Every structure is written in C-alpha cells, then in structure tokens.
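Virtual Cβ from ideal backbone geometry, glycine too; neighbours counted across all protein chains shown. The numbers here are math on the coordinates, done by the rules we state, and not lab data.
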Protein chains: 2
Amino acid sequence: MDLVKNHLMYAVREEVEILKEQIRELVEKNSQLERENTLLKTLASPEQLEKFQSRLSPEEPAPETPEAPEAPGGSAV
Amino acid sequence: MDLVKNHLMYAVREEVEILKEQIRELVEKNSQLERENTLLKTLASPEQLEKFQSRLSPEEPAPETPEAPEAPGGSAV
C-alpha cells in the first residue's frame, strides 16, 4: 500500500487522531484568531475608541500608578 | 515536509516532542493571539465586560443562577 502513507494531509494517521485534530483546530483557531485579531487591530487602528493617545486625543497621563512615593526599600540601591 | 522521516536514523525525530512542540507553539501563538485579541477587543470594544469590576476578563458566562428577589438582575437597570 502506498496511499495510506500519502494522504496524511487527510489525517496523517500514524500519531494520534486527537492530537492531529488538536493541531488542526489549533491552527484553525489560531488562523481564525489571527484574522479576528487583525480585524480588531485594523478596526481599532484608525478611529474606534474614545480618544486617549496622541493621534486622537492626548490624555491618560502616566501608566496605572498613584501620585505618591510609597515603595519599600530603605537602601536597596 | 516528508523530510523528518528521512534522517530519523540520525536521531529518530518524530517522538512525542514534535507533537508537544507543535501543540506548545500552537498554544503559545494562540495564547499570544488571545492576550492581544482580548486586549484589542477590550480596547476597541470596552463594552463587553462591565459585567464585573472593569479590568480583568471580558466573558465569564453564567448558567441558571439565582438572582435577587426584586425585579432587576442584582446590579443593573
């Protein structure tokens, strides 16, 4: 027989049908998440937020941090 | 591409490492696509998580759970 060891793209029956459908579903889920992420990346690329950056509106100063020095470390440096 | 089963004597590649590395790279790439797609889904579409706090995970489903006896669904309306 030489066809079973040929249509492995139909199943590559030889390792595990579950891991084969898992890698096929991981590549199909990654491709669907790559197009879904690229679709939301392009949709949120131009204008689809409430302005915050320097392109739409400059705001949201500093990252998630308070306005006071309260970190531990008497002489760590 | 029909090449790993050629030098296999030189090592015998194809063990469960080629399937664990394929599912690990597929889950690591899908994971980066899930953290980037989730951050892009909440950035472009922030209205999909208010459900709770407002900064952790947009989703969390809910089966037939009990609600408060009044009219609304606990915190809403």
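Can you find even one residue in region A:41-49 that is under 30 Å from B:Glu21 (Cα atoms), more than 9 Å from chain B (Cβ to nearest Cβ) and part of a helix (DSSP H, G or I)? Step through it out loud before you land on a result.
Applying the first criterion (under 30 Å from B:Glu21 (Cα atoms)) to region A:41-49 yields A:41.
With the extra rule that they be more than 9 Å from chain B (Cβ to nearest Cβ), the set shrinks to none.
No, because not a single residue in region A:41-49 is under 30 Å from B:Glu21 (Cα atoms), more than 9 Å from chain B (Cβ to nearest Cβ) and part of a helix (DSSP H, G or I).
Pairs meeting the criteria (first residue in region A:1-29 and under 15 Å from B:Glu21 (Cα atoms), second residue among the basic types (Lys, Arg), beta carbons under 8 Å, at least 6 apart or on different chains) are A:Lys20/A:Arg13. Scanning region B:1-30 for residues that are among the aliphatic types (A, V, I, L, M) and either part of a helix (DSSP H, G or I) or under 22 Å from A:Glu25 (Cβ atoms) (or both) yields B:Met1, B:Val4, B:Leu8, B:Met9, B:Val16, B:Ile18, B:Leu19, B:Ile23, B:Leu26, B:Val27.
Looking at region B:1-30 only, could you name the residues that are of a type in the set (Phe, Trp, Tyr) and either surrounded by 13 or more Cβ atoms within 10 Å (Cβ to Cβ) or within 8 Å of another protein chain (Cβ to nearest Cβ) (or both)?
Of the residues in region B:1-30, the ones of a type in the set (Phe, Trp, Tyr) are B:10.
Answer for region B:1-30, where residues must be of a type in the set (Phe, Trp, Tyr) and either surrounded by 13 or more Cβ atoms within 10 Å (Cβ to Cβ) or within 8 Å of another protein chain (Cβ to nearest Cβ) (or both): there is none.
Can you tell me which residue in region A:31-55 is farthest from B:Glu25 (Cα to Cα), limited to those that are surrounded by 13 or more Cβ atoms within 10 Å (Cβ to Cβ) and touching an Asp or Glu at 6+ places or on another chain (Cβ under 7 Å)? Among those that are surrounded by 13 or more Cβ atoms within 10 Å (Cβ to Cβ) and touching an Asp or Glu at 6+ places or on another chain (Cβ under 7 Å), it is A:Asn37.
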